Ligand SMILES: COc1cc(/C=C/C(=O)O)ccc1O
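In the block that follows, a single chain appears as structure tokens, in the form deposited without this ligand.
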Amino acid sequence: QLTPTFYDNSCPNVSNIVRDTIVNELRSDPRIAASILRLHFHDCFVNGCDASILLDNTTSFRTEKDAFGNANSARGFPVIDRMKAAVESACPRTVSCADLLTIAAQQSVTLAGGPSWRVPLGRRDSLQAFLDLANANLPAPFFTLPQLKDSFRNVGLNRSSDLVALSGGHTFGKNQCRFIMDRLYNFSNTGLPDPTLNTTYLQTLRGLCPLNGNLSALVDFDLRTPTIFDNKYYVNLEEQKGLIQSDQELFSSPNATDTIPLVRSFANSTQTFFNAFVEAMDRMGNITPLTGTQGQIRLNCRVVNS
């Protein structure tokens, strides 16, 4: 099974190399940490964290990069290539892309001001990509709470704490206007904005995302601290200021009897949130991994070794 010390003998400096790469990238692109965490999440929700999302097209299988939840959204692939190259130089054919991305996600969270911990390691890389599975498994911003719960349970995360804590990943990063247009102007064919969206914030968002405007324009997930990893995400939800439907559903859904207290607990205490986030992150990181001699230690994260 996975262990945090997997590379302590074979590549003791892997975490440091990953950190250095992100630190350097953050200077030119302050959004990279958020982007990397999102990559790990979308890796894990499709056949487990096996770096299948990093694979490019082949004539035998399509890339997950063209999934509805990844196309024109997922980013940072070149950055992963960079750290992988650096790590391959430090320790040839040792660290899997799956593990590398997991470490990158944790380091990204820490660099953004979040908790610091050692992630379990020992994952191996997939021998194929799963586009159809990605389209079926990746949750969408328009999901209701029951659908969000179903999506998490589908991949192995049964706990509402998993859902509420991991959703905290939206404490930083960007979101396209495209995904909230319904909430702002015509929610569920009601001809009205989403009633669970704070009316003052509604005005602000309408100004950033006017009807018939640029749907690709970006908006911050957390209006309090856009680039800092903290519990402000939950404080927002309590005030009906979650950006996308799936965020606000955690606090306002008729099915939120179990998630409301979790949202409050995380909003009330940074420690409680950070603790739950690490716990949920490691559980997500433990979703159907390839281990031992299963799969490979991919040399180029974009292609299967031949």
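The first residue of the sequence shown is number 1, and the count goes up from there.
For the two regions 89 to 97 and 119 to 127, the entry's Cα B-factors average higher over 89 to 97. For the pair 7 to 15 and 294 to 302, the mean B factor over Cα atoms is greater in 7 to 15. Within the selection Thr199, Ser167, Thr144, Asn137, the deposited Cα B-factor values reach their highest point at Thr199.
The PDB entry assigns its highest CA temperature factor, among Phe45, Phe273, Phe251, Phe68, to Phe273. In the deposited entry, the Cα temperature factor of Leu211 places it in the highest third of its chain's modelled residues.
For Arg27, the recorded CA temperature factor ranks within the highest third of the chain's modelled residues.
Compared with the other modelled residues of the chain, the Cα B-factor recorded for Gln176 ranks in the middle third. In the deposited entry, the Cα temperature factor of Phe187 sits in the middle third of values across the chain's modelled residues.
When the modelled residues of the chain are ordered by C-alpha B-factor, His40 sits in the lowest third.
There is also a form deposited with this ligand bound; it is not shown, and the following applies to it.
For the candidate set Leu208, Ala140, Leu111, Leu133, a heavy atom within 4.5 Å of this ligand in the deposited bound form is found for exactly one residue, namely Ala140. A residue is said to contact a partner when one of its heavy atoms sits within 4.5 Å of a partner heavy atom; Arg178 meets this definition for this ligand in the deposited bound form.
Although the partner is absent here, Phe68 is a contact residue: one of its heavy atoms lies within 4.5 angstroms of this ligand in the deposited bound form. This ligand is not shown here, and in the deposited bound form it never comes within 4.5 Å of any heavy atom of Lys241. Mapping the unseen interface onto this chain, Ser73 counts among the residues with a heavy atom inside 4.5 Å of this ligand in the deposited bound form.
Per the 4.5 Å heavy atom criterion, this ligand in the deposited bound form is contacted by stretch 141 to 149, the sole one of 141 to 149, 120 to 128, 199 to 207, 93 to 101. Contact residues in stretch 38 to 67 (any heavy atom within 4.5 Å of this ligand, taken in the deposited bound form) are limited to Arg38.
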